[PDB]
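> One structure follows; several queries about it will come next.
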Amino acid sequence: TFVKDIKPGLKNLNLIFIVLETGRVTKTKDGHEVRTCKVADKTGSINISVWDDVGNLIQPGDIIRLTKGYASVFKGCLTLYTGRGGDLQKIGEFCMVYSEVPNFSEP
Amino acid sequence: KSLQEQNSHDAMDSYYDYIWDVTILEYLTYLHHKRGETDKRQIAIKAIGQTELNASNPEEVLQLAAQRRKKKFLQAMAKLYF
Amino acid sequence: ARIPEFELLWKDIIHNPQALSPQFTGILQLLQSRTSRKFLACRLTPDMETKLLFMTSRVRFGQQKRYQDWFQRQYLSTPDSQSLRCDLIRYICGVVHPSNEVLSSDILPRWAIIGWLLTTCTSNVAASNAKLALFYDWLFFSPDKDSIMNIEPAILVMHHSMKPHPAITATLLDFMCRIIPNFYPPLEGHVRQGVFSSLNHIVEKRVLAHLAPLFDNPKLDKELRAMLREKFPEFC
Amino acid sequence: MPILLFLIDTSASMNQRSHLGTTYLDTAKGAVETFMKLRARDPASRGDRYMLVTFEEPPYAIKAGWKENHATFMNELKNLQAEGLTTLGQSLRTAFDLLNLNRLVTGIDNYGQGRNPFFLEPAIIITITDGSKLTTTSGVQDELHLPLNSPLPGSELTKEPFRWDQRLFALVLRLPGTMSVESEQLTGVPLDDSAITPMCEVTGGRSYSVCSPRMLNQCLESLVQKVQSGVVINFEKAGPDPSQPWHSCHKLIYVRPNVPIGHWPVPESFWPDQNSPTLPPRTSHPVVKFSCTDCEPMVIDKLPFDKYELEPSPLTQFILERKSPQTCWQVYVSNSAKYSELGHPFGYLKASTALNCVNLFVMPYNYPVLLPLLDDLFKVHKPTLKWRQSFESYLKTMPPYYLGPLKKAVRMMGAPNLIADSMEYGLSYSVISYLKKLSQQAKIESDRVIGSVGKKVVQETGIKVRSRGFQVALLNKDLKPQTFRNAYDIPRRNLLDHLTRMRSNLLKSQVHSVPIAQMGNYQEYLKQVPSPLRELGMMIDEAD
C-alpha cells in the first residue's frame with residue numbers, strides 16, 4: 001500500500017493516508033473556497049481536495065479511506081476527488097509513522 | 001554418538017564396569033553431568049577412580065585389566081544372547 | 001508552606017515527630033524512602049501518557065518536534081503550563097523506565113525529550129522549578145532499589161549538548177553545583193553522598209567511554225571545573 | 001607485578017586415582033598450593049596476582065580473573081569438579097584471550113611502532129593436566145588446535161594467540177595407579193610426548209611429565225625458578241652457520257626495572273609506510289638473526305642503551321665459555337630495511353667480562369654508522385653541513401618510529417633542537433583511527449568480561465523429557481528449605497516433631513550450619529561480642 005498508486009479509474013480502494021498538514025485559505029472562482037492540502041510519506045506525496053465544510057473543522061492526524069474514487073488534476077497538480085458514488089469513512093487516529101522528506105511540492 | 005542416545009534397551013549403569021578406556025568414561029561423566037543424572041555420574045566417576053584403570057599404569061597391567069573386562073563382558077553377552 | 005497550618009505541623013514534627021504517630025520515628029524514614037510511580041502517574045490524563053509511550057516506543061529520533069509542538073500549542077499554552085512542564089518532567093523521570101534492550105536500539109533517545117522539556121522554560125521561575133524537579137531524585141540516590149534511568153538522560157544531555165547548546169549544559173551544571181550547600185546544610189552531606197553514588201553508577205555502567213573530558217571541558221567556566229575538582233578528588 | 005595463570009584441567013579424566021589415594025585433580029590443587037608456598041619464600045612474591053581457568057564452557061571457564069582477591073581464588077580452587085571434556089584448545093584460547101584482554105586498551109603492544117621490551121606484562125600459564133588424549137563432543141581430536149571462531153578485536157595484528165611476554169608450562173600428571181619404585185626417578189624431569197608439548201615449545205615454555213610426588217616437588221621447584229619478568233625472542237643464525245638446538249631456539253631475556261625503563265624499541269619485521277591501509281601481522285616472537293662474525297662493541301658517552309641478560313641455556317653458555325668479552329656478535333631483524341631483505345644491525349650480543357651472563361645490548365636501528373657521527377659531533381664540537389647531510393641520508397634509511405626515542409636521546413644528550421624536532425609518526429590516519437576504535441572495543445569487551453566472571457547462576461534443573469515440555473527438577477541444591485515458613489517442606493518421617501517445634505516457636509516461648517572457614521574464626525566472634533575489662537613436628541594446632 002503506497003501513496004504512489006492513486007491512479008484514475010481505480011475501483012475498490014482501501015488505501016490509508018494521514019492528514020498531518022492543514023489546508024490554507026485561498027480563493028477560487030467567486031464565492032466558493034475549494035481548499036487544498038498536501039501530505040507526504042516515505043513513498044510519496046499527494047494533494048487532497050478539501051471542501052469548506054471539512055476544512056473549517058479539520059484537525060491534523062485523521063485517517064480516512066475512500067471507495068470508488070476518481071483521480072483529478074488541478075492546474076498541473078494531482079488532486080483526489082469524491083462524489084457520484086464515492087464515500088469517505090474515518091478509521092482511527094495517531095497510529096502512524098511519517099516521513100516528510102519525499103515531498104514533490106518543492107520548486 | 002551412540003552414548004548420546006537415550007532410548008537404550010540395555011542396563012546402562014550396569015555396563016559401566018566393563019569400560020576400561022578412560023576417555024570413554026570421561027565422555028560418560030560429562031554426558032551424565034550435562035543431563036543432570038548425578039547418581040550415574042557418581043558411578044562413572046567411581047569407575048574412573050579405580051586404581052587399575054589409571055591410564056599411566058605399566059602397560060601389561062592395563063592390558064590385563066582390559067583382558068579381564070573383555071572376558072567378563074563377552075561372557076555377559078553370551079549369557080544374554082545365547 | 002506560607003499557610004500557618006503547614007508551618008504549625010512542621011514545627012510539631014520538629015519538636016516531637018513521635019507525638020503525631022508513635023511508630024513514626026522521624027523524617028529519616030521519609031527521606032530514605034522512595035516515591036511510587038502511582039502518584040507521579042495519576043495526575044496525567046491517559047491520552048498524554050499514551051502519546052509519550054507511543055513516542056518512546058515507535059517514534060524514531062528526529063520526528064519528536066511535530067508531536068511535542070502539537071501538544072504544546074494545543075494544551076501547554078497557559079500560565080500554569082510552566083509547572084505542568086515540571087510535572088511532565090517528574091512523570092518521565094519517575095515512571096518511564098525503558099528496557100536496556102530498547103535502549104540499545106536506534107529508538108529516539110530520551111536526551112532529546114529532556115532537551116525539549118528544558119528549552120521550553122521561558123521564565124526563570126519555571127526553569128528553577130524544572131531543575132528542582134530534575135534534582136529531586138538526586139538528593140537521596142540508592143543504587144540497589146533505583147534504576148540508572150533517572151540519570152542516563154542527564155549524562156546523555158551533557159554529552160550531546162556540549163557542542164550545539166552549551167548554554168543548557170552550563171545552566172544545569174551551575175544549578176546542580178550551587179544547590180548542594182543551599183538546599184539544607186544539616187543534610188547537605190546526603191546530597192553529596194547521592195551525587196557521589198550517581199557518579200559511581202555512571203562509572204560502573206560506562207554509558208560513555210571516559211568521563212574525564214566532560215569534567216574538565218575547556219569551554220566550561222573556570223569556577224565550575226575548580227569546584228568539581230575540589231569536591232571529588234576521586235574522579236581525578 | 002607478574003601474572004600466574006593456572007589452567008587446571010577439569011576434564012573427567014582428572015578423577016583417576018594414584019597410589020596417594022587421591023585423584024589427579026586433588027594432586028593438581030595440591031600442586032598449586034605448594035607452588036604458592038614455594039613462591040612465598042621470595043620477597044618479590046607479594047606483587048603477583050593469580051588467575052584460574054578451567055575446562056568448562058566459556059561463560060564459566062574463567063573463575064578467577066582480574067579484580068579478584070586471593071581469598072576468592074582459593075575458594076574457587078578448592079571447589080573444582082572434574083566433569084568436562086578435555087577441551088584443551090578452547091580453554092587455552094580462553095586463557096590467552098583473558099591475558100590479552102587489557103593489552104590494546106592500555107596500548108602496551110606498540111603496533112607499527114617497534115617492539116618495546118620495557119612495555120611488558122609478564123605472565124606464565126601453568127596448565128596442570130593428565131596425559132589422556134583430547135576430547136570433544138564430536139570425538140577425539142588427537143592433535144591440539146587452537147580455535148579462532150570468535151576473535152577478540154585487533155587479534156589479527158599479532159596472528160598468534162600467545163603474546164611476546166607469555167609462556168606456557170605444562171605439568172602433565174602421570175602418577176601411576178600402583179606404586180612402581182624406580183631408581184631412574186633420581187634423574188632430571190623429562191619432557192612429555194602429549195599434544196601440549198609443541199604448544200609449550202613454540203611459546204618459550206616447556207612441558208613436564210611428573211611420575212611421583214617427589215618428581216612433582218622437583219618440577220614445582222623448577223617452576224618457581226622459571227617465573228621472571230621478561231620477553232621471549234626467537235633467535236636464528238644468519239649466514240653460514242658455525243643442526244644442534246643452539247642454531248635457533250626460543251629464549252628469554254630478563255627485563256629488570258630501574259618500573260621498567262628503556263629507550264630503543266626492537267625493530268618491526270616490515271618497512272612502515274603511510275600509504276598502506278592496514279599494518280602487516282607481526283609474529284609474536286620477534287625473529288632476530290645474529291651474525292657469527294666478530295664485530296667491535298662500540299659505545300659512546302651519554303648514550304641511552306639497554307642491557308638485557310638472556311636466560312641461561314647450557315650449550316650457549318658452553319660455547320660462550322670461550323673467553324671473548326672484547327668481541328661481540330651483531331644482531332638484526334629480517335625485512336626491516338626499505339630495500340634489503342636482511343636489514344642493518346640494531347644491536348649485538350656481548351658476553352660480560354666475568355663471562356657469568358650473555359647480555360644483549362640494543363642500539364639505534366643502524367648503529368655502526370650513526371655512532372661514529374654522534375661521537376664526532378660530541379668530540380669535535382655546531383655540526384657541519386656534510387655531517388647533517390649524512391644524518392639526513394641515514395634518516396632516509398631508518399624506520400620512522402625510531403625517531404621519537406632518538407628525539408628523546410638527543411634531547412637528553414645536549415642537542416635539544418636537532419633535525420628530529422620536525423616530528424613524525426609514520427602511519428596512516430586509517431591505522432590510528434583503527435587503533436582508537438580497537439581501544440574502545442577492548443575497553444567495552446574487558447568491562448563485559450570482568451562483569452561476567454561472576455556467573456551467579458546454577459545449571460538448569462530440567463530434563464528435556466521426550467514424548468517417546470514438562471520436566472522433573474533435580475535436587476534443590478542450596479534451596480535452604482524454610483521448614484517453619486512452608487508446610488510442604490516437612491517430611492512425613494518427622495511431621496509431628498517439627499509440628500511441635502514450630503508450634504512452640506510460634507507462641508510467646510539452618511543455624512549451626514556455618515561454613516567451615518567461618519566455624520572457628522574467633523576474631524570476628526570476639527569483635528562482635530562486647531569487650532571485657534581492660535587488660536592489667538607439626539606446625540598449626542589452632543589459636544596460634
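Positions of Cβ are backbone-derived with ideal geometry, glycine not excepted, and every protein chain shown enters the neighbour counts. Since every read-out is calculated from the coordinates, none of them should be taken as a lab result.
> At 10 °C and a viscosity of 1.306 mPa s, what translational diffusion coefficient does Stokes-Einstein give for region D:149-262, taking Rh as the Kirkwood radius over Cα pairs? Give it in µm²/s as a whole number.
The estimated diffusion coefficient comes to 93 µm²/s.
> Taking each pair of distinct Cα atoms in chain B once, what is the resulting Kirkwood hydrodynamic radius in Å?
Numbers: mean 1/r = 0.0731 Å⁻¹.
Radius from the Kirkwood sum: 13.7 Å.
> For a quick check of your reading of the filter: which trypsin sites (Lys or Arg not before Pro) in region C:1-79 sit in a DSSP loop and have no more than 12 other Cβ atoms within 10 Å?
Details: sites: C:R2, C:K11, C:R34, C:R37, C:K38, C:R43, C:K51, C:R58, C:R60, C:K65, C:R66, C:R73; in loops: C:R2, C:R34, C:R43, C:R58.
Here the trypsin sites (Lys or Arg not before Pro) that fit, given the DSSP loop and packing criteria, are C:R2, C:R34, C:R43.
> For chain D, what class follows from the C-alpha gyration tensor (a ≥ b ≥ c being the square roots of its eigenvalues): rounded when a/c is under 1.5, otherwise prolate if a/b is larger than b/c, else oblate? Show your work: numbers first, answer last.
Numbers: a/c = 2.17, a/b = 1.98, b/c = 1.10.
Verdict is prolate for chain D.
> For region D:354-395, how big is the tail of P(r) above 17 Å, as a whole percent of Cα pairs?
Summing the P(r) of region D:354-395 above 17 Å gives 43 percent of all pairs.
> Over all alpha-carbon pairs in the protein assembly as shown, figure out the percentage whose distance exceeds 53 Å.
Counting every Cα pair in the protein assembly as shown, those more than 53 Å apart make up 45 percent.
> Run the reach check for D:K408 against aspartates and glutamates, Cα to Cα strictly under 15 Å, same-chain hits fewer than 8 apart removed. What comes back?
Straight-line reach from D:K408, under 15 Å: D:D306, D:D421, D:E424.
> Let me ask something additional. For chain A, max minus min Cα coordinate along each principal axis, in Å, sorted largest first?
Largest to smallest, the principal-axis extents are 38, 32, 28 Å.
> Could you run the Debye sum over the Cα atoms of region D:429-544, one equal point scatterer each and no solvent, and tell me log10 of I(q)/I(0) at q = 0.17 Å⁻¹, two decimals?
Evaluating at q = 0.17 Å⁻¹ gives log10 I(q)/I(0) of -1.11.
> Positive end of the dipole of the protein assembly as shown, charges at C-beta (+1 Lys, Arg; -1 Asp, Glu), about the Cα centre: which of C:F54, D:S433, D:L279 has its Cα farthest in that direction?
C:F54
> With no solvent and one point per C-alpha, what does the Debye sum give as log10 I(q)/I(0) for region D:91-226 at q = 0.10, 0.14, 0.19 Å⁻¹?
For the requested q values the scattering log ratios are -0.42, -0.75, -1.14.
> Counting other Cβ atoms within 10 Å, keep those with at most 12, restrict to DSSP loop, and tell me which GluC sites (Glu not before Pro) in chain B are left.
When the GluC sites (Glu not before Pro) of chain B are filtered for loop state and at most 12 Cβ neighbours within 10 Å, B:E5 remain.
> Sticking with this structure for a sec: So if I restrict to the alpha-carbon atoms in region C:101-236, what is the Rg, and what is Dmax, the biggest pairwise distance, in Å?
Expressed in Å, the Cα Rg and Dmax of region C:101-236 come to 14.8, 44.
> Now for a separate question. At most 11 other Cβ atoms within 10 Å and a DSSP loop assignment: could you name the trypsin sites (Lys or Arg not before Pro) in region C:197-236 that fit?
Sparse-neighbourhood loop trypsin sites (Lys or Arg not before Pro): C:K219.
> Under a plain spin-label model, where a point goes 7 Å from the Cα along Cα-to-Cβ, how far apart in nm are C:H165 and D:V181?
About 8.8 nm, to one decimal.
> A further question follows. Rounded to two decimals, what ratio of Rg to Rh does region D:190-330 give with C-alpha atoms and a Kirkwood Rh?
Numbers: Rg = 18.6 Å, Rh = 18.5 Å.
Reported Rg/Rh, Kirkwood definition of Rh: 1.01.
> Can you count the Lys pairs in chain C whose Cα atoms are under 23 Å apart, with each pair 8 or more apart or on different chains?
For chain C, qualifying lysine pairs total 16.
> Using the 2.2 N^0.38 Å rule of thumb for compact globular proteins, work out how region D:257-397 stacks up: its C-alpha Rg over that value, please.
On the way: Rg = 17.0 Å, N = 141, 2.2 N^0.38 = 14.4 Å.
Here the Cα radius of gyration is 1.18 times the empirical estimate.
> Rounded to two decimals, what is the ratio between the C-alpha radius of gyration of region C:90-161 and 2.2 N^0.38 Å?
With N residues counted in region C:90-161, Rg over 2.2 N^0.38 Å equals 1.14.
> Here's another thing I want to ask about it. Pick from C:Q32, C:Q74, C:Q18: which residue has the top mean-square fluctuation in a GNM of chain C where Cα pairs under 10 Å get a spring?
C:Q18
> Which of these, C:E204, C:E152, C:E49, has the largest mean-square fluctuation under a Gaussian network model of chain C (Cα springs below 10 Å)?
Sorting by GNM fluctuation, first place goes to C:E204.
> Along the principal axes of its C-alpha atoms, what lengths does chain C span, in descending order and rounded to whole Å?
Principal extents (Cα only, largest first): 55, 46, 35 Å.
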